[PDB]
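Protein chains in written order, with this note's numbering: chain B, 1 to 104; chain W, 1001 to 1245; chain D, 2001 to 2087; chain C, 3001 to 3112; chain A, 4001 to 4051.
Have a look at the structure below, then the notes.
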Amino acid sequence: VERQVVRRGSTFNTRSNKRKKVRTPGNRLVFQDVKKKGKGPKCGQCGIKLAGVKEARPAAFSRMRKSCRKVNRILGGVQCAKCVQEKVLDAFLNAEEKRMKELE
Amino acid sequence: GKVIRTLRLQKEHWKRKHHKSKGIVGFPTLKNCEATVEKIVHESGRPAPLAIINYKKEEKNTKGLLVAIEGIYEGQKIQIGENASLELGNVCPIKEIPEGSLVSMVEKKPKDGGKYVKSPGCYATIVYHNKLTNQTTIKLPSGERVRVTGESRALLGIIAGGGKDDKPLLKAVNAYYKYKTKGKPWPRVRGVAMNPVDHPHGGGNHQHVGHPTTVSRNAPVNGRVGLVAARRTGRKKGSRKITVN
Amino acid sequence: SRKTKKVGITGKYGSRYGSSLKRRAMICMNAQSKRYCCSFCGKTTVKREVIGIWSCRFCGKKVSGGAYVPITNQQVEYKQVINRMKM
Amino acid sequence: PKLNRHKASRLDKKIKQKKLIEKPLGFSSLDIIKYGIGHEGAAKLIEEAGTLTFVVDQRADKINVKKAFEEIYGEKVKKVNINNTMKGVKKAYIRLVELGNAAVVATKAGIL
Amino acid sequence: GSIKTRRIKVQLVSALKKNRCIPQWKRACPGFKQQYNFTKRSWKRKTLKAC
RNA sequence: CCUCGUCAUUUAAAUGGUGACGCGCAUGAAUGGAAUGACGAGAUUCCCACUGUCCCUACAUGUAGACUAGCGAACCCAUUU
RNA sequence: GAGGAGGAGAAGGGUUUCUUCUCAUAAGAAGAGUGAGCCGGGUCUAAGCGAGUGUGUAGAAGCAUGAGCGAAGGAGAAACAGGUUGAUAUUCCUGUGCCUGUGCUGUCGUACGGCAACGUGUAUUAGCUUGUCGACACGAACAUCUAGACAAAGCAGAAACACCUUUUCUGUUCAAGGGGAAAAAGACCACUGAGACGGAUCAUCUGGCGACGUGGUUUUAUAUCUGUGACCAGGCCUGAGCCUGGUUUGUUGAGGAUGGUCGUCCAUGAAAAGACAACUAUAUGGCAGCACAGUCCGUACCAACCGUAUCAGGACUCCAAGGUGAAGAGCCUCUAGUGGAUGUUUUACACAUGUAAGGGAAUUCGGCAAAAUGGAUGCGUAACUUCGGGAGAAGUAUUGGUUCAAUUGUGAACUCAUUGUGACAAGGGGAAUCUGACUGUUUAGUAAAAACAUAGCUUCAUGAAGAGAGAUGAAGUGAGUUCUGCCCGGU
RNA sequence: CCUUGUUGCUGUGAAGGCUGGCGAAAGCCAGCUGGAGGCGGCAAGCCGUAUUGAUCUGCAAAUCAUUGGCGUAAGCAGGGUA
Ligand SMILES: [Zn+2]
Ligand SMILES: [Zn+2]
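Given below as C-alpha cells:
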C-alpha cells in the first residue's frame, strides 16, 4: 500500500491541520486538506440551536444568500418560536395590569 | 547563610495572578436600584460562586459582581439601597434589619462596597442597635464584636458553598489541586530536615530544633520562624472571654 | 446494586487510605451523585455543575446551594425566620 | 520606537527629505533594465512559452519592470515573475500578450 | 533550512562570493608576492555564525 | 559496656535465627509509645524444588589472539643492569 | 521486515545539489541552477516586555501610568488534476475554477404564500441597542461514513511443468469546482387525550409544563452524475504512428472523520482582530456577458545537525501490507532500500555461548551467577484483616493431527518411535522477624535507602486586604486503630 | 505562568439498574447488565537494581550487553515568558 507525505505546512497534527486520503485520476493516493466544521446560532434565552438556518464558518456564511441566515419573523435568527410567543404575551399582560392600576 | 523560603515567596513575581479574574467584587454606589441577576459563575481561585448583576445608571446598562448567597436563581429581580424590602437576597441599610438576624458582605463604612463576611458558609449576627449614637454591634465569625454606623449596607442571607470541609482529601493529588492557586509552599519541606545555611532549625546529628521555638515580635525578619509572639503553648484549656457590645 | 456489606461507594479505593477516613468521605460522595427535586417544575432532575451551583436538566434553571447538597441545614432553618419577618 | 528589526523583509526604514536640487531623470526605464540573457536555458523559453528573461536593478519591482519593457522594446506584456538568485542578481521573466513576437524582439535586440 | 529571513540570506550570498582562490593571471605580475589566499574556508572546518 | 548474658527450640555440631526473662553501662510516650493488614529492585534466618557454586574437571562452537599482505602510534627514559 | 537500515517536513548547517575535466580525491577547478492574488512571513491578541511622561537619584537602580512590541505548530478571504528539466514546481505549461475590488454593455426589481412548525425570492449604505459566530478539560461505551484488506466470476500479460495443477502472480483509475438522494440521529408544529401504567436504551431513563398514534417543518454526512478527457496495461510496426481493453458481485474494516448520550472534580478547562442577525432611517439595486488589477521577502540539497572527526552517544514530528498470536510483541515474507585492512584450519590464556556419570550448596561473607517455573481451560484454595483484600494463595489435571456430531456450551472416535503454550514468546513457591502505611521523589559521573514528600492530627499570629476567619500566613508530628503520665526550678 | 503535542492489547469487576426466590415486616440470597481505580500483567516509551560482567592507549571526558523498576497518570515532551 502506497504511503503519503505532507505536501504543505507543518506535520504537527493541530486542529488547523486535518487531512484526508484521496485517489486521483492518475492512480495515486495522496493527502488533501480539510476545513474545520461550523456551528450555527443558539437562542439568546434557552440555549437551543435555531431552526431554519445553516451551519458554516464565519467567512463562508457571509457569502451565502440572506435566506440561509434568518427566518421571516419578529426576531430573525436571534430567538426561537417558543421564546417569542412568551415575549409577545408578557408585554401584553403587563400593559393590562398597568391599565387597571391606572383606571382603579 | 542565605535567604529563607518565607522571604523569597513574598517578592513581587510570586504574587497571585489576576488573568482569569471576572472583575472587582462589590456593591453599586447609587442610592436606589433595581437589578436583575444575569448569571451565576465559578471563578478560578475562589470556592464561593459569584453572581453577575445588571442595573441602569442614567440610560445605560451597567454590570456588577456580588458574592452569591444561597437561594438566588438566574433571572431573579433584586432591590438595592434605601426602601428595599426584607426579602432574601436584597441589600438594605443595617439599621432597618431586626436584632438576631443573619447578614453577609457588610460595609465597614458607607459606600466601601462590602467587606467582612465573604467565605463559604459564613454569616454575621446583629447583636444591638443604639438609638442615640446610631451605632450597631455585629458579631463576626471569629467571635469578635465590632461597631458599625447605621448607614452601612448589608446583604440578607448566608454565603453559598457551605459544608466543603467535611470530605477529607485522601490523596496527594487532591491536595495539589487545592493549593495550586494559593501562595503557601506545597509540598512543604520541614526546617529540621534542612542544613544550617537554609533555615534556623537545620543541622546536627539528630533531627531536633535545639533552641526554643517561641520567638519575639520584634525579632529580625530572616530568622522570625516558629511560633511568633505566642501567649501560651500546648493542648490545655484556656480562659473566659470578656464581652461588651 | 449493593454488592458490598459496608464499603459502599468507597470500594473504588481498595485497601488504601484509612477505614475511618473513607466512612467520612462516603457521606458526601453518596450525596453528590443523587438527583433532587426541582422547585420550579416538580421533576427529580436537579444535579450539581460545580461546588455551590445546582442545575435542572429539564427547565434549565440554576440555583445557589451547598457543596454536597442543594439546601444546607442552616438554610432550611433561616428560610423560616424570614417568612415570619414578613408577617 | 526602536527595535532591532531582524525579522523584517525591507532593509530600508527612514523617510526621505526633499532637496534643493533634484537628480535629472530619477529612477527611470534605462536604470531599471540591465541586459537580456541568451543561452541554451533561455532559448527554450523563447521557443516554447513566449517569454524573455532579464537582469534588473535591485531597487525594481513588478510594476516598474512592466512599464520599462513597454517603453524600451515596445511589445505588450501579460505577466512578470521575479527571482532573487544565490549570486546576488535579481532575474525577471516577462511573458508577451502574443507569442511569436518573442523571437522578433529577441533577434532585433541581439539577445539571441 | 528552507525558511530564511532577508538578513540571513544576504550574509550567505556575500560569504559565497568571497570564497575563491587567487586568479591565475595575477601570479605573472612583476610586483605580486602572495602565494595562496588565506581567507578561503570550508564548510567542514569552520562556522559562519549567520545562525 | 560487662557479653559469645542465662533458659528453651532449630543442627551431627549454632560468636547465627526465633520464643521467654529483666535494677534497662545509657528503653519510654506528637524530641511521639505500643499491636496488626495491604504494598517494597529495602535489611535478616529457615524449608521445598532446582542446579558445574562445589567434589573434579572434560569435550565442542563463534570472535579475537599466533603466522602473512597493505597502513602505522603512545606512555616512559642519569643508564653501564 | 511498514514503532524500517523506506519515503517526507522543523530546528541546526550553507552550496555540501547538477554537468564537465583532473587526481590532488570525504581533493580541487571552471561553469549552471531556487519563478506564487489562492503555500508560509508581513495581521490579531496570551502570559509578559516597554519609549516618553510623573516621582526619585550626585548620576543610577526602583516605583506609578502607558504609545509601541509579543506565536513560520493558537485565531486568521480564496486551487485542484495531468504534463515538462541535468538540476524547480499545488510557483512554469495545458485544462477547468475561486476570492477581493474596478469599469462598460444588455436585462429585470420596488413583493407574496402556509392554522403553524416555516417557505419563495442571489439585494443599498448608515447608525444606536440586544444577542450570536470566532471560542476551546479529561475518560468510557454505542452508531454511521471513508481509507485499507480479503474471496468469487470475466478478460489481458507474466511465472512454473522428469511428473502434477483452469496451481500461482500483476492490473481493472476518476481531483478541486458544480449538481444531489434515500438513511440514521436529534429538535419542533397541528389534531388527539393516556396510569398503581404505557413508551424506550448496550447503559442511564421518559409522560397532563401533554404518552402512544396519524400527517408535516427543519439541521447535520455520504453514495451517485457532470468535470468536455487525461492516465494505465497489452498487441502491431518502428529511427511513426495505429489498434484493443479498463467488466460484475459478496465479506470485513481505521492507529482517520462525525453524531447524540453517560461519568469525574474543595480542579469547571484563553483573548482579540474580523464577521452576522433583529430593530430604525434611507434607497437606481440584483443578474448575465466582456475587460482590468492584486506590491515586498522565503522557495536548491541533507544519511551533510551537536559532541576537536567520516564518533555504537544525544536530538521536535507525519504515512504505514500479508501469515502466526489477545496483541503497530518476537519470529518469517512482498513494496522500497542496502555492505569491505588479505590470505592462512588457525597452540596456550581469554571474551560471548552449549552439554555432562554419581552426589546435590559440601562452595562462598552471602545460592553471587546459572538452572528450574511459565500461555489458555477446569477442579480446588489457609492464617490474618481497616471486611475492600490476602488470591494467579498453595496444591492438581488437560492441550498435536485427522474425520465426525452439536451450534457456542462443546462433545465423541480414529492415529503417531521418545509427544503436542513442540521453534519464538512465556510467574519459582511457602514459613517468620526488623523497618517505612500506600503510588510518588533524590546525591547528572562510586550511596535509590529505613532518607524527603504525602493524606491525617496539634499548636501559633491576626478584622489588615485586588484576599476577608469553611480566610491568610508561620512551625512540629507523620495514613488508619489504641493511648499520649509527672515537672514552670534554669532558658 | 501562557500556547500545544502524546493512551495500543489484556485481567480484576466498585456505584447504579433488571429478573427470580425467601420473609408479617425491615431486608436477605442467586443469575445477568454496567464499567470505577495516583488498581494488576505487557507494548511504544521513560528510568537506572544486579552481574561489583565487557570497556578502562575506550565507539564514548559516563558508553555497551543481559537482567531489572514504572507504564489510564502528585506521567513524559517542543516553542513563548519569568
Ligand atoms: Zn429559546
Ligand atoms: Zn426544572
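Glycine included, each C-beta is placed from N, C-alpha and C at the ideal position.
Residue closest to residue i, alpha-carbon to alpha-carbon, out of the options
{"i": "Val1003 (chain W)", "options": "W:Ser1239, W:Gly1223, W:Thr1233", "result": "W:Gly1223"}
{"i": "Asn3084 (chain C)", "options": "C:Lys3066, C:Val3065, C:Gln3058", "result": "C:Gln3058"}
{"i": "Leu29 (chain B)", "options": "B:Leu75, B:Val5, B:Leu103, B:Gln79", "result": "B:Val5"}
{"i": "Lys42 (chain B)", "options": "B:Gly9, B:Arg23, B:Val53, B:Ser16", "result": "B:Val53"}
{"i": "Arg1240 (chain W)", "options": "W:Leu1050, W:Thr1213, W:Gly1143, W:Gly1113", "result": "W:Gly1143"}
{"i": "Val3056 (chain C)", "options": "C:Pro3001, C:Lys3090, C:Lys3014", "result": "C:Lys3090"}
{"i": "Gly1081 (chain W)", "options": "W:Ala1124, W:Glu1034, W:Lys1060", "result": "W:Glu1034"}
{"i": "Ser16 (chain B)", "options": "B:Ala56, B:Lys36, B:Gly77", "result": "B:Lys36"}
{"i": "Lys1180 (chain W)", "options": "W:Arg1016, W:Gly1238, W:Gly1001, W:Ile1052", "result": "W:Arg1016"}
{"i": "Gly3088 (chain C)", "options": "A:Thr4047, A:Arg4041, A:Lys4009", "result": "A:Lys4009"}
{"i": "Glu1012 (chain W)", "options": "W:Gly1183, W:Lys1022, W:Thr1213, W:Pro1220", "result": "W:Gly1183"}
{"i": "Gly9 (chain B)", "options": "B:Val1, B:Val78, B:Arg19", "result": "B:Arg19"}
Check: residue i C-beta below 7 Å from any heavy atom of ligand 1
{"i": "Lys36 (chain B)", "result": "no"}
{"i": "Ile48 (chain B)", "result": "yes"}
{"i": "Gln79 (chain B)", "result": "yes"}
{"i": "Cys83 (chain B)", "result": "yes"}
{"i": "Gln45 (chain B)", "result": "yes"}
CB contact check: residue i to chain C, cutoff 8 Å
{"i": "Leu4016 (chain A)", "result": "yes"}
{"i": "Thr4005 (chain A)", "result": "yes"}
Buried/exposed call for residue i, threshold 16 Cβ in 10 Å
{"i": "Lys2062 (chain D)", "result": "buried"}
{"i": "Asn2073 (chain D)", "result": "exposed"}
{"i": "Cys1092 (chain W)", "result": "buried"}
{"i": "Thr24 (chain B)", "result": "exposed"}
{"i": "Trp4043 (chain A)", "result": "exposed"}
{"i": "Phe12 (chain B)", "result": "exposed"}
{"i": "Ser2001 (chain D)", "result": "exposed"}
{"i": "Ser1216 (chain W)", "result": "exposed"}
{"i": "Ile1024 (chain W)", "result": "exposed"}
{"i": "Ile3021 (chain C)", "result": "exposed"}
Chain A within 8 Å of residue i, Cβ atoms only
{"i": "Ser3009 (chain C)", "result": "yes"}
{"i": "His3039 (chain C)", "result": "no"}
8 Å Cβ cutoff, residue i in contact with chain W
{"i": "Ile2053 (chain D)", "result": "yes"}
{"i": "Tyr2036 (chain D)", "result": "no"}
{"i": "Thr2072 (chain D)", "result": "yes"}
{"i": "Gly2065 (chain D)", "result": "yes"}
{"i": "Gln2075 (chain D)", "result": "yes"}
Beta carbon proximity, residue i to chain D, threshold 8 Å
{"i": "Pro1093 (chain W)", "result": "no"}
{"i": "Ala1068 (chain W)", "result": "yes"}
{"i": "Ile1052 (chain W)", "result": "no"}
{"i": "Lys1015 (chain W)", "result": "no"}
{"i": "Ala1154 (chain W)", "result": "no"}
{"i": "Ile1138 (chain W)", "result": "no"}
{"i": "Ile1126 (chain W)", "result": "no"}
Any non-hydrogen atom of ligand 2 within 7 Å of residue i CB
{"i": "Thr2045 (chain D)", "result": "yes"}
{"i": "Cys2038 (chain D)", "result": "yes"}
{"i": "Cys2056 (chain D)", "result": "yes"}
{"i": "residue 2088 (chain D)", "result": "The shown model of chain D, from 2001 to 2087, leaves out residue 2088 (chain D), and the question about it has no answer."}
{"i": "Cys2041 (chain D)", "result": "yes"}
Closer than 9 Å, Cβ to any Cβ of chain D: which residues of the segment 1034-1048 of chain W, in chain order? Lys1039, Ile1040, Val1041, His1042, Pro1047, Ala1048
_If the cut-off is 7 Å on Cβ atoms, which residues from the segment 3081-3092 of chain C count as contacting chain A, listed in chain order?_
So the close ones are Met3086, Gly3088.
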